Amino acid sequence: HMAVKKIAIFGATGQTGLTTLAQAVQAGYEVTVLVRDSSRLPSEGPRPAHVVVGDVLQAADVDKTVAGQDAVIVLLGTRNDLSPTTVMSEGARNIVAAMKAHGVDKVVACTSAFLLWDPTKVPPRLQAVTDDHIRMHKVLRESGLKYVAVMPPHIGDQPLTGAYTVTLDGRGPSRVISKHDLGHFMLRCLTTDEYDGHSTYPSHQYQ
């Protein structure tokens, strides 16, 4: 019945991206992914409708990915690399410009629950990556787009439940969210305007 039907997913080959992609395909979305390496997509796994091979640091590649979409999901990250980086904030800059040029309004983007923390209490080893989450959140907040700021705590390997808590504009009662539940939530944000302009912290107790 397709109010939102065509979506771009950035970071679809990552931990959360892969299950977000699987869930999106099963839910009937027509998914376009931007991937650096097509081999990162599972050969047996569910196939997106459209693959763009390129880099989020090329405006041209982002433009090709955002063209014609109804909404954008952002799950960019640096895997376990804790080095100083601007890939997420610069990627978000390109995504914002592409959305504005192509008339896409809705962006659901994952940073981190550390953006709800006292900034001085972030573990030093995570500060470089958190610094770029901060830069990225500022890019998206200042864009004027309909931006849902997803700020998860630890991403785990527990099941899909669809039963997690969503805390608005503050830290939630648990310190973990499964990658499957986080992906479920990213997609849920496509079906409602209630989180637009808010920060959201999904979390759950797996039992």
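All residue numbers refer to positions in the sequence shown, first residue = 1. Take the two forms, superpose them, and find the largest set of C-alpha atoms that agree within 1.5 Å; that set is the rigid core.
Asker: Core-aligned, which moves more in 8 other deposited structures of this protein: 47-55 or 170-178, by CA RMS?
Answerer: Taking the RMS over all superposed structures in 8 other deposited structures of this protein, 170-178 lies farther out.
Asker: Relative to this form, superposed by the core, which stretch has the greater CA RMS in 8 other deposited structures of this protein: 161-169 or 65-73?
Answerer: It is 161-169 whose C-alphas lie farther from the shown form in 8 other deposited structures of this protein.
Asker: Would you tell me which stretch averages the higher CA B-factor in the PDB entry, 36-44 or 49-57?
Answerer: Per the PDB entry, the higher value belongs to 36-44.
Asker: Higher average CA B factor in the deposited record is what I'm after, so tell me if that's 161-169 or 147-155.
Answerer: Comparing 161-169 with 147-155, the higher mean C-alpha B-factor belongs to 161-169.
Asker: Per the coordinate record, which of the options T111, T86, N94, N80 holds the highest CA temperature factor?
Answerer: Top of the list by C-alpha B-factor: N80.
Asker: Comparing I9 with the other modelled residues of its chain, is its CA B-factor in the lowest, middle or highest third?
Answerer: Within its chain, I9 is a lowest-third residue by C-alpha B-factor, going by the deposited values.
Asker: Considering every modelled residue of the chain and its Cα B-factor in the PDB entry, is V122 in the lowest, middle or highest third?
Answerer: It falls in the top third of the chain.
Asker: Please place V25 in the lowest, middle or highest third of its chain according to the CA B-factor in the PDB entry.
Answerer: Highest third.
Asker: Sorting the chain's CA B-factors, does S199 end up in the lowest, middle or highest third?
Answerer: Middle third, going by the recorded CA B-factors of the chain.
Asker: Would you mind ranking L182 by its C-alpha B-factor against the rest of the chain and naming the third, lowest, middle or highest?
Answerer: Tercile = lowest for this residue's CA B-factor.
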